[PDB]
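Shown below, as structure tokens, is a lone chain in the form deposited in one PDB entry; questions about how it binds or moves come after it.
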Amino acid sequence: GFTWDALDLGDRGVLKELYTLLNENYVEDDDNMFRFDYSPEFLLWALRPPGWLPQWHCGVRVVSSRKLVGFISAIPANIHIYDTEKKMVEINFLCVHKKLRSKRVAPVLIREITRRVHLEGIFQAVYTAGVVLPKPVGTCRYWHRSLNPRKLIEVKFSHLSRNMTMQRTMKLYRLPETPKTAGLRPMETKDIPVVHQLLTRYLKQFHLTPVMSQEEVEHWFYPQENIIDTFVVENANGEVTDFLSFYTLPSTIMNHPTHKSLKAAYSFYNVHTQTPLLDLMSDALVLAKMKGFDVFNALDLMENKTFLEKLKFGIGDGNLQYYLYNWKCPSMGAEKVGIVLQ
């Protein structure tokens, strides 16, 4: 029969077949043809934060042996909803093999990690999903800004309006070869606590935010070449600053001429002191582009809805929604959502 359990993370041989799963499984595509291709390392950046536990990377193999067919993460967090900071967890990566003809899988594959967590007291859960669910807390929507238009037009991810030449479109979505912000410089190792304290007071204005430690803001922020970026803005002789961050997350491709995948550039967080971030967000586009990216995808967060539309952002394939498992409380607009849980 089946009432299985497992584990997965760290080891090369394992981890690989693991992303193999999500590679051609964890989909959220539509008419077109493409799902989130997951990087070997990236996973570790997300699946291994400070305080993670082995029994939360559940696995599932076919009655046989050499057959992984299911997964689900659950990285430890410390949400902030009501007038309180409830230590909760962020559940993610819930997949099920493709050809699997069993609907009595996830319904157990789900309640399993629920028990596994309810053992450390973390009875509260946090996550988002490319689907609908009864009691939602939020409902954001993705945007863009082609850093390689002729490509999207070439494939089928994006297209030119009515009579828009495959040339003017470019001119429009053009970009300078050098930032228009003086001080923009990659975050050093010693810039960690400066990104912790600077982000804890800032983020400290949203109804739902991920409180982090000097080590956490040290994990989802310190630069890594093919995972996540973060350029701080040091001042003159001092240190005072603001900064931007965008975790790479390329999506697999499909039927195309001879084009490569799709180097994605989703946005993580962005904290400008007082100075308007309408440029802190633009530079990002100049970075993601100068770094060889095809698009900068930014969701909602208060101050996002601002610079968004007043900048080359529009198309919205769909919309991501936020939820809370065992907590009851009122809802808010995108302007209040802080947690950028992938």
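Note that residue numbering begins at 1 and tracks the sequence as displayed.
Another form exists, solved in complex with a partner chain; not displayed. Remarks below refer to it.
- Judged by heavy atoms within 4.5 Å of its partner chain in the deposited complex, the contact stretch among the candidates 158 to 166, 234 to 242, 178 to 186, 103 to 111 is 158 to 166.
- Interface residue remark: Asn319 is counted as part of the site for its partner chain in the deposited complex, having a heavy atom within 4.5 Å.
- A residue is said to contact a partner when one of its heavy atoms sits within 4.5 Å of a partner heavy atom; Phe307 fails this definition for its partner chain in the deposited complex, lying far away.
- By the criterion of a heavy atom within 4.5 Å, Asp279 is excluded from the residues contacting its partner chain in the deposited complex.
- Not displayed here, its partner chain is approached by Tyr38 to within 4.5 Å at the level of heavy atoms in the deposited complex.
- The single contact residue among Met302, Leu311, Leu44, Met33, judged by any heavy atom lying within 4.5 Å of its partner chain in the deposited complex, is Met33.
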